[PDB]
Every structure is written in structure tokens, then in C-alpha cells.
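Q: I have a structure I would like to understand better, so I am pasting it below and will then ask my questions one at a time.
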Amino acid sequence: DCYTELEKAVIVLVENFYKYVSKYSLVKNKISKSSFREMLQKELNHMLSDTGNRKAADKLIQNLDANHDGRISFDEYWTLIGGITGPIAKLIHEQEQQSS
Amino acid sequence: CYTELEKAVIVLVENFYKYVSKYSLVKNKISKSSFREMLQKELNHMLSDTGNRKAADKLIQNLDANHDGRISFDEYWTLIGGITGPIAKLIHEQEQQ
């Protein structure tokens with residue numbers, strides 16, 4: 001009984017990123033491309049059923065900024081979760097209205 | 001049901017539309033004052049510190065000049081992440097202890 005529901009959800013977003021960093025990674029604030037694709041596939045595969053959906057995801061992965069190291073920071077993973085989740089948000093909230 | 005990561009994306013979406021006022025003629029949008037009411041009511045354990053708050057305050061001052069003065073879903077997602085990015089590690093090591 002303290003934390004708020006939004007605050008619980010930021011926490012899940014934040015625990016969910018760090019679950020994808022491999023144990024004994026010398027970069028332990030960053031996840032790999034292939035570990036990301038693996039999260040999308042496993043953690044979002046309801047929200048990513050459509051095939052327009054699924055596809056527009058991987059271009060964001062593939063469109064990404066080339067870097068010194070090629071891994072994904074937390075700020076980027078957040079920005080990517082948000083390109084997925086943003087064109088659908090109005091549909092996500094519509095669907096919530098449907099039932100309770 | 002949905003994975004715990006899905007049900008938290010959903011909770012970021014119901015939370016932003018909870019702060020669209022009832023009968024507003026714009027939605028896809030909250031005003032900046034309702035976003036601060038959100039920060040003060042929904043995020044008050046994570047924004048306890050005056051230091052965070054003045055960082056979050058200034059994110060809201062650097063949003064782009066609006067044809068509306070209001071916040072899209074896109075802007076709000078990028079402000080919740082501007083609040084969450086710098087303390088992310090801290091959230092992670094907290095849940096660990």
C-alpha cells in the first residue's frame with residue numbers, strides 16, 4: 001500500500017529493460033539489438049499481433065543510430081517502446097473503455 | 001492475459017487520458033497544468049525530491065511552442081521518460097535491496 005499505479009508501471013518498464021541486459025555484461029546499463037527483438041517478441045506479442053504493428057517495430061530497431069558500441073541505452077529503449085506505443089494509444093484507450 | 005510489460009504500457013495510456021478533462025474539445029491532449037497535477041498526484045513518491053522536480057519542471061519549459069499550448073501523447077511519453085531516464089538505475093538498485 002504505498003506506490004501508485006503509474007509509479008508501479010514505471011517500475012515494471014524499468015525492471016523489464018534491465019531483465020534484458022545479460023549477466024556478466026561489461027555494459028550493464030545497455031541491452032543488445034538481438035536481446036531487444038527477443039523482448040518485443042516475448043513481452044509485447046499481444047500488442048504486436050497486427051503485422052503492420054510488428055513490421056513498424058523492426059524498422060525502428062533497424063532505423064536506429066549507429067554507435068561506438070552498437071548497444072541500446074535506456075533512453076533509447078524508452079523512445080522505442082514509445083514509437084510502438086504511440087501510433088496506437090488511442091486504440092489502446094478505446095479498448096480499455098470496451099469492458100471495465 | 002497480457003504480460004506485465006503490456007499491462008504497464010496500458011497503465012501509461014490510461015493515466016494520460018485520465019488527465020484529459022471531461023468535455024475537452026481536444027483529445028490526444030492534456031494541458032501543462034494537468035500534467036503538473038499528474039506529476040504531483042500520480043508520481044509523488046518518485047518526484048519527492050525538490051532536485052528531480054526542478055529537472056522535470058524544466059523539461060516542461062523546453063517542450064516546443066504549441067499551436068495549442070497542450071501536451072500530445074508523444075510529448076507526454078517523452079516527459080515521463082525524461083523523468084525516468086536519470087533515476088532509472090536508482091529504481092533498479094531500489095527494487096533489488
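Order determines the names: the first chain of the C-alpha cells is A, the second B, and so forth; residues in each chain are numbered 1 upward, and ligands are numbered 1 upward as they are shown.
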Which residues in chain A does DSSP call helix (DSSP H, G or I)? List them as a ChimeraX atom specification.
A: /A:5-18,33-43,52-63,74-98
Q: Using only C-alpha atoms, find each residue in chain A having at least one atom no more than 10 Å away from chain B; report its shortest atom-to-atom pair and that distance in Å (one decimal), rows by chain then rising number, as JSON lines.
A:
{"residue": "A:2", "atom": "CA", "partner": "B:45", "partner_atom": "CA", "distance": 8.3}
{"residue": "A:3", "atom": "CA", "partner": "B:45", "partner_atom": "CA", "distance": 6.8}
{"residue": "A:4", "atom": "CA", "partner": "B:42", "partner_atom": "CA", "distance": 6.2}
{"residue": "A:5", "atom": "CA", "partner": "B:11", "partner_atom": "CA", "distance": 7.3}
{"residue": "A:6", "atom": "CA", "partner": "B:42", "partner_atom": "CA", "distance": 6.2}
{"residue": "A:7", "atom": "CA", "partner": "B:43", "partner_atom": "CA", "distance": 6.0}
{"residue": "A:8", "atom": "CA", "partner": "B:8", "partner_atom": "CA", "distance": 7.9}
{"residue": "A:9", "atom": "CA", "partner": "B:8", "partner_atom": "CA", "distance": 4.6}
{"residue": "A:10", "atom": "CA", "partner": "B:8", "partner_atom": "CA", "distance": 7.3}
{"residue": "A:11", "atom": "CA", "partner": "B:91", "partner_atom": "CA", "distance": 6.8}
{"residue": "A:12", "atom": "CA", "partner": "B:5", "partner_atom": "CA", "distance": 6.4}
{"residue": "A:13", "atom": "CA", "partner": "B:5", "partner_atom": "CA", "distance": 6.3}
{"residue": "A:14", "atom": "CA", "partner": "B:88", "partner_atom": "CA", "distance": 6.4}
{"residue": "A:15", "atom": "CA", "partner": "B:92", "partner_atom": "CA", "distance": 6.3}
{"residue": "A:16", "atom": "CA", "partner": "B:5", "partner_atom": "CA", "distance": 7.1}
{"residue": "A:17", "atom": "CA", "partner": "B:92", "partner_atom": "CA", "distance": 9.6}
{"residue": "A:18", "atom": "CA", "partner": "B:92", "partner_atom": "CA", "distance": 7.5}
{"residue": "A:29", "atom": "CA", "partner": "B:89", "partner_atom": "CA", "distance": 7.9}
{"residue": "A:39", "atom": "CA", "partner": "B:5", "partner_atom": "CA", "distance": 9.8}
{"residue": "A:40", "atom": "CA", "partner": "B:5", "partner_atom": "CA", "distance": 9.9}
{"residue": "A:42", "atom": "CA", "partner": "B:3", "partner_atom": "CA", "distance": 8.6}
{"residue": "A:43", "atom": "CA", "partner": "B:3", "partner_atom": "CA", "distance": 5.9}
{"residue": "A:44", "atom": "CA", "partner": "B:6", "partner_atom": "CA", "distance": 6.0}
{"residue": "A:45", "atom": "CA", "partner": "B:3", "partner_atom": "CA", "distance": 8.6}
{"residue": "A:46", "atom": "CA", "partner": "B:2", "partner_atom": "CA", "distance": 6.6}
{"residue": "A:47", "atom": "CA", "partner": "B:6", "partner_atom": "CA", "distance": 7.2}
{"residue": "A:73", "atom": "CA", "partner": "B:85", "partner_atom": "CA", "distance": 9.5}
{"residue": "A:74", "atom": "CA", "partner": "B:85", "partner_atom": "CA", "distance": 6.7}
{"residue": "A:75", "atom": "CA", "partner": "B:85", "partner_atom": "CA", "distance": 5.9}
{"residue": "A:76", "atom": "CA", "partner": "B:85", "partner_atom": "CA", "distance": 9.5}
{"residue": "A:78", "atom": "CA", "partner": "B:81", "partner_atom": "CA", "distance": 6.6}
{"residue": "A:79", "atom": "CA", "partner": "B:78", "partner_atom": "CA", "distance": 7.0}
{"residue": "A:81", "atom": "CA", "partner": "B:9", "partner_atom": "CA", "distance": 8.7}
{"residue": "A:82", "atom": "CA", "partner": "B:77", "partner_atom": "CA", "distance": 6.6}
{"residue": "A:83", "atom": "CA", "partner": "B:74", "partner_atom": "CA", "distance": 8.3}
{"residue": "A:85", "atom": "CA", "partner": "B:9", "partner_atom": "CA", "distance": 7.4}
{"residue": "A:86", "atom": "CA", "partner": "B:74", "partner_atom": "CA", "distance": 6.2}
{"residue": "A:87", "atom": "CA", "partner": "B:74", "partner_atom": "CA", "distance": 8.9}
{"residue": "A:88", "atom": "CA", "partner": "B:13", "partner_atom": "CA", "distance": 9.7}
{"residue": "A:89", "atom": "CA", "partner": "B:13", "partner_atom": "CA", "distance": 6.4}
{"residue": "A:90", "atom": "CA", "partner": "B:28", "partner_atom": "CA", "distance": 7.6}
{"residue": "A:91", "atom": "CA", "partner": "B:13", "partner_atom": "CA", "distance": 9.8}
{"residue": "A:92", "atom": "CA", "partner": "B:10", "partner_atom": "CA", "distance": 6.8}
{"residue": "A:93", "atom": "CA", "partner": "B:14", "partner_atom": "CA", "distance": 6.3}
{"residue": "A:94", "atom": "CA", "partner": "B:14", "partner_atom": "CA", "distance": 9.9}
{"residue": "A:95", "atom": "CA", "partner": "B:10", "partner_atom": "CA", "distance": 10.0}
{"residue": "A:96", "atom": "CA", "partner": "B:14", "partner_atom": "CA", "distance": 8.0}
{"residue": "A:97", "atom": "CA", "partner": "B:14", "partner_atom": "CA", "distance": 9.7}
Q: Okay, now the selection with C-alpha atoms, as a compact mmCIF listing (two decimals), in the first residue's frame?
A:
# COMPACT_ATOMS: atom_id res chain seq x y z
CA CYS A 2 2.37 3.00 -0.99
CA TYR A 3 3.31 3.30 -4.64
CA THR A 4 0.99 4.43 -7.22
CA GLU A 5 -0.25 2.54 -10.21
CA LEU A 6 1.67 4.85 -12.58
CA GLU A 7 4.67 4.54 -10.36
CA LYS A 8 4.31 0.64 -10.35
CA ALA A 9 4.17 0.74 -14.11
CA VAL A 10 7.38 2.84 -14.50
CA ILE A 11 8.96 0.37 -12.30
CA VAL A 12 7.88 -2.58 -14.49
CA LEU A 13 9.14 -0.63 -17.56
CA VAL A 14 12.50 -0.13 -15.81
CA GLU A 15 12.74 -3.77 -14.46
CA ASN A 16 11.94 -5.02 -17.93
CA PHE A 17 14.71 -3.27 -19.53
CA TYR A 18 17.28 -4.49 -17.03
CA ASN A 29 23.14 -0.23 -18.46
CA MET A 39 11.83 -8.75 -25.67
CA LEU A 40 9.44 -7.38 -28.23
CA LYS A 42 8.14 -12.18 -25.86
CA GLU A 43 6.92 -9.12 -23.70
CA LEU A 44 4.69 -7.31 -26.35
CA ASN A 45 3.44 -10.07 -28.55
CA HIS A 46 -0.25 -9.27 -27.76
CA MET A 47 0.22 -5.63 -28.64
CA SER A 73 20.68 2.77 -23.73
CA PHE A 74 17.81 3.03 -21.50
CA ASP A 75 16.75 6.34 -23.11
CA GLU A 76 16.59 4.81 -26.44
CA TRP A 78 12.14 4.08 -23.75
CA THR A 79 11.91 6.17 -27.02
CA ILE A 81 8.78 1.49 -26.64
CA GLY A 82 7.22 4.91 -27.28
CA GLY A 83 7.26 4.69 -31.11
CA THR A 85 3.08 2.55 -28.24
CA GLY A 86 2.30 5.94 -29.51
CA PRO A 87 0.52 5.37 -33.02
CA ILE A 88 -1.75 3.00 -31.02
CA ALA A 89 -2.52 4.74 -27.97
CA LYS A 90 -5.89 5.99 -28.90
CA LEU A 91 -6.71 2.31 -29.81
CA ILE A 92 -5.19 1.06 -26.58
CA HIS A 93 -7.54 3.53 -24.62
CA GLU A 94 -10.60 2.69 -26.79
CA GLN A 95 -10.13 -0.95 -25.95
CA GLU A 96 -9.97 -0.22 -22.21
CA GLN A 97 -13.35 1.58 -22.42
Q: From a DSSP pass on the backbone, collect the residues of chain B flagged as strand (DSSP E) and hand them back as number ranges by chain.
A: B: 29-31, 70-72
Q: Quick one: distance from CA of residue 40 (chain B) to CA of residue 84 (chain A) in Å, one decimal?
A: 27.1 Å
Q: Can you tell me which residues surround region 29-34 of chain B at a distance of at most 6 Å, considering only C-alpha atoms, apart from same-chain residues fewer than 6 positions away, and format the answer as a list in words?
A: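 Result of the neighbour search: residues 20, 70, 71 and 72 of chain B.
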Q: Using only C-alpha atoms, which protein or nucleic acid residues come within 10 Å of residue 33 (chain A)? Drop anything in the same chain fewer than 3 positions from it, and give the result as an mmCIF file with N, CA and C atoms, in the first residue's frame.
A:
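Generated file (selection_13.cif):
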data_model
loop_
_atom_site.group_PDB
_atom_site.id
_atom_site.type_symbol
_atom_site.label_atom_id
_atom_site.label_comp_id
_atom_site.auth_asym_id
_atom_site.auth_seq_id
_atom_site.Cartn_x
_atom_site.Cartn_y
_atom_site.Cartn_z
ATOM 1 N N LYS A 30 22.946 -1.364 -20.753
ATOM 2 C CA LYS A 30 22.625 -1.346 -22.099
ATOM 3 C C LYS A 30 22.175 -2.792 -22.481
ATOM 4 N N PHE A 36 16.871 -6.978 -27.409
ATOM 5 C CA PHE A 36 15.577 -6.197 -27.636
ATOM 6 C C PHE A 36 14.447 -6.940 -28.450
ATOM 7 N N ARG A 37 14.870 -7.470 -29.649
ATOM 8 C CA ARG A 37 13.925 -8.147 -30.616
ATOM 9 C C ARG A 37 13.350 -9.284 -29.855
ATOM 10 N N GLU A 38 14.122 -9.944 -29.047
ATOM 11 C CA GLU A 38 13.692 -11.019 -28.261
ATOM 12 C C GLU A 38 12.620 -10.505 -27.236
ATOM 13 N N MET A 39 12.868 -9.288 -26.661
ATOM 14 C CA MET A 39 11.831 -8.747 -25.669
ATOM 15 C C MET A 39 10.504 -8.406 -26.322
ATOM 16 N N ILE A 61 13.900 -0.484 -34.799
ATOM 17 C CA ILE A 61 15.114 -1.204 -34.416
ATOM 18 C C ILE A 61 16.276 -1.041 -35.511
ATOM 19 N N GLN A 62 15.939 -1.454 -36.742
ATOM 20 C CA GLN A 62 16.748 -1.311 -37.896
ATOM 21 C C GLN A 62 16.993 0.220 -38.166
ATOM 22 N N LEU A 64 17.587 2.548 -36.220
ATOM 23 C CA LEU A 64 18.240 3.107 -35.083
ATOM 24 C C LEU A 64 19.638 3.777 -35.420
ATOM 25 N N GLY A 70 27.225 -0.037 -30.454
ATOM 26 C CA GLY A 70 26.050 -0.673 -31.080
ATOM 27 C C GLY A 70 25.014 -1.275 -30.094
ATOM 28 N N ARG A 71 25.190 -1.075 -28.809
ATOM 29 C CA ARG A 71 24.114 -1.471 -27.910
ATOM 30 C C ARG A 71 22.990 -0.327 -27.678
ATOM 31 N N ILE A 72 21.959 -0.639 -26.811
ATOM 32 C CA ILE A 72 20.784 0.246 -26.672
ATOM 33 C C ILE A 72 20.711 0.829 -25.232
#
